[PDB]
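Participant: Coordinates for the following, if possible.
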Amino acid sequence: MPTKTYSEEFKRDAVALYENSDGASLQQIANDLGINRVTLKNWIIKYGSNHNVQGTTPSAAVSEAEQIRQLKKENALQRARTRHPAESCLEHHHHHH
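Facilitator: Residues are numbered from 1 along each chain as shown. Sharing the structure here:
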């Protein structure tokens, strides 16, 4: 199985777009990129944790565990990132769990 890679840059840019929410709706951001608004919302809270959200809970490292276990275990996986991504997925992406 090839890795459907996504750089931190994408998560980073997603949250950076949220900084511009003054003129960009939550939907507009995700809709413009082509991603889910909930998946977007996840990264927003995950990286933009510092706020009037609560006291102090390390949430950034909760969802990151996916990336952690990948990089922590096998370096062989790094060569799978070299594969071309799957843009077609945005077409056949319909609600299904």
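
Participant: Who are the contact partners of the closest residue to residue 40 other than its chain neighbours?
Facilitator: Distance criterion C-beta to C-beta, 6 or more residues apart in numbering; nearest residue to residue 40, sequence neighbours excluded, is residue 30 at 4.4 Å. All C-beta spots, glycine's among them, are computed from the backbone N, C-alpha and C. Residues in contact with residue 30 (C-beta atoms under 8 Å, 6 or more residues apart in numbering) are 36, 37, 39, 40.

Participant: name the element residue 30 belongs to?
Facilitator: Counting by DSSP states H and E, the element that carries residue 30 is helix 26-33.

Participant: Return the distance of that helix from the chain's centre.
Facilitator: 13 Å (C-alpha atoms, centre = their mean, to the nearest Å).

Participant: Only the C-alpha atoms, please, for the helix or strand containing residue 69, written as CSV.
Facilitator: With secondary structure defined by DSSP H and E, residue 69 is part of helix 65-73. Output of helix 65-73 as CSV, limited to C-alpha atoms (Å, rounded to 0.1, in the frame of the first residue of the first chain):
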residue,chain,number,x,y,z
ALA,A,65,-0.1,10.1,16.7
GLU,A,66,-0.9,8.9,13.2
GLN,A,67,2.1,10.7,11.8
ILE,A,68,4.2,9.9,14.9
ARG,A,69,3.8,6.1,14.5
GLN,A,70,4.6,6.3,10.8
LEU,A,71,7.8,8.3,11.2
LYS,A,72,8.8,6.6,14.5
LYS,A,73,8.6,3.1,13.2
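
Participant: so who does residue 18 touch?
Facilitator: Listed by C-beta under 8 Å, 6+ apart, the contact set of residue 18 reads 24, 26, 29, 40, 44, 48.

Participant: quick one: which of the residues you listed is nearest residue 87?
Facilitator: Taking C-beta to C-beta as the measure, residue 87 lies nearest residue 40 of the contacts of residue 18, at 17.9 Å.
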